[PDB]
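K.L.:
Got a structure for you, written out below as structure tokens; questions coming shortly.
Values quoted throughout were computed directly from the atomic coordinates according to the rules given, and no laboratory measurement underlies them. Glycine gets a Cβ as well: all are built from the backbone with ideal geometry, and neighbour counts include every protein chain shown.
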Amino acid sequence: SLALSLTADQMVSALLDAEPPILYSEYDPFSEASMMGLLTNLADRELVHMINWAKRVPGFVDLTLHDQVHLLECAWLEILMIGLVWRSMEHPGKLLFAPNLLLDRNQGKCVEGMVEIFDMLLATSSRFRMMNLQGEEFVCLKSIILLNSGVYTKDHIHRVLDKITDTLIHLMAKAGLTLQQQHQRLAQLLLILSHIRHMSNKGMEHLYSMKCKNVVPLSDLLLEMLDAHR
Amino acid sequence: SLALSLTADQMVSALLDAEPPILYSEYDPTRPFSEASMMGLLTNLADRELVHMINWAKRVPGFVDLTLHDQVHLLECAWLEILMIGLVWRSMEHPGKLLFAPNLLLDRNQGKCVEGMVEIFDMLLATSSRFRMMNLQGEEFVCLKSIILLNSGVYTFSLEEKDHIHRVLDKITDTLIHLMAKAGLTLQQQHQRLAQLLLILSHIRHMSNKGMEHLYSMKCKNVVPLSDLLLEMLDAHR
Amino acid sequence: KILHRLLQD
Amino acid sequence: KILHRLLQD
Ligand SMILES: Cc1cc(O)ccc1C1=CS(=O)(=O)C=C1c1ccc(O)cc1C
Ligand SMILES: Cc1cc(O)ccc1C1=CS(=O)(=O)C=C1c1ccc(O)cc1C
């Protein structure tokens, strides 16, 4: 397993180099069917890139095929959310779904029951801004989500999770933080994952509500990921 | 604030002495369990545990220093998380079993009843198996449970709200590190264990959400009717 | 409100 | 499932 033999600097560079591209939404006031239409198309395309990104996460390739499936099925919405939150960081009060799709919570109300998650998403972004979350920390958290979210449903996964913790502390040691400041912010970072988990679960509930209402015929891939949560 | 004045040793002591008691169930093993009976026992048990938890929360350092509609908010968000991590903790020395009460020890085949709870049971067991694997300490448990109380609802919040909450959360972090440092753990081992412990909270949040949805299912299902307090906490997920 | 009594009671 | 095919290429 090469993931464990990597220095934390190599781990950082490896994660950075695996970062998926920022996709665009299709171009051109929204209803609830049109807004959901854009988001569904975008989310489905982001999924494809995420799955290929996961194969480039150090140690994920070492897992068996259906263990990779389990972790991706459990954490796909979390990963999509923390991604949305990260690129929306420099746009306070707004969520940057795409460079040509920047929305505020007032526009989030067009879709029923979406405004709750938006505020939670916006609150997560404001927290990242407050902590001045760095890109190297973000990619560490995202891969942590990928490995941790479904691991409790294994030693090698905990093996890799420890090295990312070492990678995090290493990064924060580079930024001139004292020992105390290092496990404090480390704790702060990891506690965010509890909220992201909460958003995902409430987000999962909202999409299943959109399936049984059938306004947008969800993607078969998106349906497979959604039906996986039961 | 005196919670910020507490040494990490004083932090543990305050948390240890504030622990709730292990309540007993009205369980009668003379009869084989059903669904309404089992659900009735658990509901009765959880409700009485809620009362103690509410009084436990008031003793958590820093919690008393907040307004009502904040304590209310934190408890509304974290109550099931706290009930679950408490259950998991007292079930630690019983592999493949959940100790709801000293006289109510259940495995995953009796939990296979009540419809859709057996999945949650397996998750509760997997967490207990994880605590056993890490050999979780009581000093670490009381910290984690206090972290859950203050953290789970802080993100759903003018007058400097959370700077005090996050600051108490920062000292509980220092307390955990203290604890590991005395256990003989190296600095690298301290950070790692700190991470492993806090990642559990993510899974605990997940169980709570699933459990929350499962409880909402149960009395539109109209089996054994809930305590009025549980229904209050349950309608906070809206 | 029960959890509204137990907090100050 | 679709996830299968995407993880194999
Ligand atoms: C996942 C999803 C699927 C769908 O079909 C409709 C909407 C959402 C969605 C709901 S939300 O939670 O508001 C954010 C997203 C979202 C959408 C597109 C993205 O590229 C990323 C995200 C995180
Ligand atoms: C919370 C709950 C409420 C209810 O009315 C019926 C059942 C449960 C429950 C279902 S579960 O998630 O299997 C575990 C519990 C549970 C029960 C009693 C406890 O003292 C603690 C817990 C955590």
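K.L.:
Over the alpha-carbon set of chain B, divide Rg by the Kirkwood Rh and report the Rg/Rh ratio to two decimals.
P.N.:
Details: Rg = 18.1 Å, Rh = 18.7 Å.
Looking at chain B, the ratio lands at 0.97.
K.L.:
Each residue of segment B:222-237 in order: what ³J(HN,Hα) in whole Hz does its phi give by Karplus 6.51 cos²θ - 1.76 cosθ + 1.60, θ = phi - 60°, with x for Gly and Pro?
P.N.:
Coupling constants for segment B:222-237: 6, 7, 7, x, 5, 4, 5, 6, 4, 4, 5, 5, 6, 8, 9, 8 Hz.
K.L.:
Below 11 angstrom from the Cβ of residue B:234, what's the summed charge of the other residues (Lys, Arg +1; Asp, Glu -1)?
P.N.:
In short, -3.
K.L.:
If you don't mind, another one. Just to verify a number: FRET efficiency for residue A:115 and residue A:64, C-beta to C-beta distance, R0 = 30 Å, to 0.05?
P.N.:
That gives a FRET efficiency of 0.15.
K.L.:
Which trypsin sites (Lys or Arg not before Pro) in segment B:72-156 sit in a loop by DSSP (not H, G, I, E or B) and have at most 14 other Cβ atoms within 10 Å of their own Cβ?
P.N.:
Within segment B:72-156, the qualifying trypsin sites (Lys or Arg not before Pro) (loop, at most 14 other Cβ atoms within 10 Å) are B:112.
K.L.:
Let me know the charge dipole size of chain B about its Cα centre in debye, to the nearest 20, where only the beta-carbon of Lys, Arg (+1) and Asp, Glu (-1) is charged.
P.N.:
Roughly 560 debye, rounded to the nearest 20.
K.L.:
Say each of residue B:16 and residue A:87 gets a label point 7 Å from the Cα, pointing the same way as Cα to Cβ; how far apart are those two points in nm?
P.N.:
5.1 nm
K.L.:
A further question follows. Note down the net charge around residue A:223, summing +1 for each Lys or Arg and -1 for each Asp or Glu among other residues with Cβ under 11 Å from its Cβ. Walk me through the intermediate numbers first.
P.N.:
Values: positive: A:211, D:1; negative: A:44, A:220, A:224, A:227.
Counting the neighbours of residue A:223, the net charge comes to -2.
K.L.:
With labels modelled as points extended 7 Å from the Cα through the Cβ direction, what inter-label distance (nm, one decimal) is found for residue B:228 paired with residue B:183?
P.N.:
So the label points at residue B:228 and residue B:183 sit 4.4 nm apart.
K.L.:
Among residues other than residue A:196 whose Cβ falls under 12 Å from its Cβ, what is the net charge (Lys/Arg +1, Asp/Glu -1)?
P.N.:
Here the charged neighbours net out to +4.
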